[PDB]
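Numbers restart at 1 for each chain; the letters A, B, ... are given by sequence-line order, proteins then strands.
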Amino acid sequence: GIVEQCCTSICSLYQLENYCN
Amino acid sequence: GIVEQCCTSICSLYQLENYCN
Amino acid sequence: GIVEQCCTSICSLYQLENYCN
Amino acid sequence: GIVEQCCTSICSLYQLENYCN
Amino acid sequence: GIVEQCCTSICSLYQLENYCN
Amino acid sequence: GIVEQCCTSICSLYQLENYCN
Amino acid sequence: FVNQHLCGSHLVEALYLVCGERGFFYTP
Amino acid sequence: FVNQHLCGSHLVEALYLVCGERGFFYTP
Amino acid sequence: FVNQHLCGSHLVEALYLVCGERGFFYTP
Amino acid sequence: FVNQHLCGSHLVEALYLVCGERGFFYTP
Amino acid sequence: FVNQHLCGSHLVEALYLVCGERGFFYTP
Amino acid sequence: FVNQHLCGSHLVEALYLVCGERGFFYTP
Ligand SMILES: *N[C@@H](CCCCNC(=O)CC[C@@H](C)[C@H]1CC[C@H]2[C@@H]3CC[C@@H]4CC(=O)CC[C@]4(C)[C@H]3CC[C@]12C)C(=O)O
Ligand SMILES: *N[C@@H](CCCCNC(=O)CC[C@@H](C)[C@H]1CC[C@H]2[C@@H]3CC[C@@H]4CC(=O)CC[C@]4(C)[C@H]3CC[C@]12C)C(=O)O
Ligand SMILES: *N[C@@H](CCCCNC(=O)CC[C@@H](C)[C@H]1CC[C@H]2[C@@H]3CC[C@@H]4CC(=O)CC[C@]4(C)[C@H]3CC[C@]12C)C(=O)O
Ligand SMILES: *N[C@@H](CCCCNC(=O)CC[C@@H](C)[C@H]1CC[C@H]2[C@@H]3CC[C@@H]4CC(=O)CC[C@]4(C)[C@H]3CC[C@]12C)C(=O)O
Ligand SMILES: *N[C@@H](CCCCNC(=O)CC[C@@H](C)[C@H]1CC[C@H]2[C@@H]3CC[C@@H]4CC(=O)CC[C@]4(C)[C@H]3CC[C@]12C)C(=O)O
Ligand SMILES: *N[C@@H](CCCCNC(=O)CC[C@@H](C)[C@H]1CC[C@H]2[C@@H]3CC[C@@H]4CC(=O)CC[C@]4(C)[C@H]3CC[C@]12C)C(=O)O
Ligand SMILES: Cc1cccc(O)c1
Ligand SMILES: Cc1cccc(O)c1
Ligand SMILES: Cc1cccc(O)c1
Ligand SMILES: Cc1cccc(O)c1
Ligand SMILES: Cc1cccc(O)c1
Ligand SMILES: Cc1cccc(O)c1
Ligand SMILES: [Cl-]
Ligand SMILES: [Cl-]
Ligand SMILES: [Zn+2]
Ligand SMILES: [Zn+2]
């Protein structure tokens, strides 16, 4: 999930768009 | 929805729990 | 109190120092 | 400036890009 | 104090209630 | 720059004033 | 719409804290 | 777990801005 | 009361920075 | 000390929400 | 002026995310 | 890079308050 994905290595704003509804 | 509900009149933390998964 | 004082008219950082312990 | 532009009417993220260095 | 208590190990919202006036 | 300066060791508010316009 | 944008920012921060491990579904 | 809590707060603020009108589904 | 709630959130963030090591006493 | 500074910012935001009308006393 | 102060806080957080590595120049 | 991203968010909020009417120039 997003914490595992984005809290150790940095996530781009593009990656974050995956979690938009 | 939540903006209509909670941005003109104030919402309690109890009301906000409705939007938890 | 601080909400009455600082939420209608703007407070300076100097005014906010009054609430420091 | 940005306060006049974006604090009465809403600004898109695209508009905000103008202020990037 | 609260920084020692809650900045290395995580604090519950219940623990944080201790600091309410 | 500011990330190198202020994200490993802590910066005072006085140090941050250097970046004001 | 600006006031609603500012309010929404605070709503999502509150939901984060209130909902904890459950997470939440935000839709305006 | 504290670092993950702090990070999550920022993740939700970013999702709010990125997702706009669509909203988002946050689950840790 | 919503506007006051939003304002209070910002007041506490400012007091945190202004007051530093002293801390502060927040009461609405 | 930077990590503690960042954490404190989040602590005060959480206390604001948790404590409501009571307010709170923050001291590091 | 309070509303503009609150709005500015959110503007700078959005610019931080939008602008990334470029950074930004904020002037009211 | 995540820690630096989180720190930068707080740096910009502090600069906003410290710099007031002057504004500031943020570059990582
Ligand atoms: N988050 C909540 C609510 C989300 C509800 C889902 N969205 C919609 O139903 C979309 C409605 C949009 C298309 C309209 C809402 C407000 C309208 C504008 C209001 C001002 C003017 C009015 C006018 O005469 C036309 C232009 C104008 C800008 C409108 C455009 C259309 C709207 C944006 C949930 O999830 O339930
Ligand atoms: N948001 C993401 C991920 C969410 C995944 C859904 N949650 C779970 O699967 C629940 C797992 C929990 C029960 C465990 C995760 C970490 C565990 C702890 C780790 C440290 C010790 C290890 C030990 O030996 C027992 C105690 C300990 C505290 C563990 C307890 C159980 C956990 C909390 C998504 O939505 O996908
Ligand atoms: N933080 C500051 C100020 C805190 C002051 C301490 N609190 C009080 O004195 C409590 C006052 C409350 C009980 C009332 C304030 C506003 C009232 C409401 C206003 C709208 C209507 C008015 C009405 O006719 C009755 C209902 C209504 C909702 C009121 C209810 C009572 C109040 C909430 C410091 O620390 O100094
Ligand atoms: N908020 C909490 C806790 C607040 C406790 C009240 N403050 C104090 O007791 C003040 C203690 C200060 C003076 C010291 C704490 C950490 C010290 C530094 C640590 C690193 C080095 C160590 C060294 O050898 C000297 C220099 C150094 C920078 C120390 C300086 C002194 C301290 C800052 C509550 O309210 O309960
Ligand atoms: N960030 C933007 C815009 C920044 C523009 C640069 N600043 C100025 O041009 C300074 C203007 C100041 C001196 C005035 C703006 C608003 C005025 C006040 C309005 C209310 C009353 C009006 C009155 O009769 C006198 C007192 C009063 C308080 C005014 C004082 C002067 C002002 C603060 C960018 O960068 O472009
Ligand atoms: N804000 C401050 C500082 C900004 C300085 C201006 N930017 C640069 O000078 C750009 C430097 C970039 C291109 C590199 C910095 C860190 C590098 C990465 C580090 C880890 C590995 C190392 C490696 O062997 C190659 C890949 C890797 C990912 C590096 C890529 C290049 C960098 C991103 C100011 O304004 O002064
Ligand atoms: C934008 C953002 C916030 C928090 C963690 C990340 O990896 C990315
Ligand atoms: C907690 C909270 C945030 C924003 C609006 C509200 O009504 C309530
Ligand atoms: C710094 C600050 C925050 C909120 C309200 C104010 O008047 C001032
Ligand atoms: C993204 C954002 C923040 C504040 C005001 C705006 O118009 C837009
Ligand atoms: C809610 C919260 C914020 C910061 C640290 C913690 O342990 C808990
Ligand atoms: C005020 C502040 C924020 C972030 C990092 C620092 O060193 C100082
Ligand atoms: Cl606000
Ligand atoms: Cl953080
Ligand atoms: Zn706000
Ligand atoms: Zn943070």
query: Looking at H:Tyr26, H:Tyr16, H:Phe25, which one forms a ring pair (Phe, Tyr, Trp, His ring centres under 6.0 Å) with G:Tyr26?
result: H:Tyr16
- prompt: Of the non-hydrogen atoms in B:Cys20 and G:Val18, which two are nearest, and what is the gap between them?
  reply: SG-CG1, 4.1 Å
task: Can you see which heavy atom on G:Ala14 is nearest to which on B:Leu16, and at what distance?
output: CB-CD1, 3.8 Å
task: Please test H:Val2 against E:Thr8 for side-chain contact (heavy atoms from CB on, under 4.5 Å), starting from the C-alpha separation and ending with a verdict.
output: CA-CA 6 Å; H:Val2 171; E:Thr8 298; over 6 Å; no
- prompt: So if you build clusters from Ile, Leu, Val, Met, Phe, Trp, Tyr with side-chain heavy-atom gaps below 4.5 Å, do F:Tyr19 and F:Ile10 land together?
  reply: no
message: Hydrophobic clustering (ILVMFWY, side-chain heavy atoms < 4.5 Å, transitive) - are A:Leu13 and K:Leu15 grouped together?
response: yes
message: To check you understand the geometry: which heavy-atom pair defines the closest contact between J:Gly23 and J:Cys19, and what is its length?
response: O-CB, 3.2 Å
query: When you measure from the side chain of F:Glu4 to the backbone N and O of F:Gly1, does any donor-acceptor pair fall under 3.5 Å?
result: no
field: SG(A:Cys6) to SG(H:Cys7) below 2.5 Å
entry: no
field: Verdict with supporting geometry, L:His5 and K:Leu17, side-chain contact (heavy atoms from CB on, under 4.5 Å)
entry: CA-CA 9 Å; L:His5 170 76; K:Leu17 293 176; 3.6 Å; yes
task: Could you pull out all residues at least two apart from G:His10 that satisfy side-chain contact (heavy atoms from CB on, under 4.5 Å)?
output: I:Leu6, I:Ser9, I:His10, K:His10
field: Shortest non-hydrogen contact from L:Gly8 toward F:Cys7
entry: N-SG, 4.4 Å
statement: Taking every heavy atom of J:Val12 against every heavy atom of I:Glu13, the minimum-distance pair comes out as CG2-OE1, 4.2 Å
query: What are the two closest non-hydrogen atoms of I:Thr27 and J:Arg22, and how far apart are they?
result: OG1-O, 4.4 Å
- prompt: Is F:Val3 reachable from L:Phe24 through a run of I, L, V, M, F, W or Y residues, each pair having side-chain heavy atoms under 4.5 Å apart?
  reply: yes
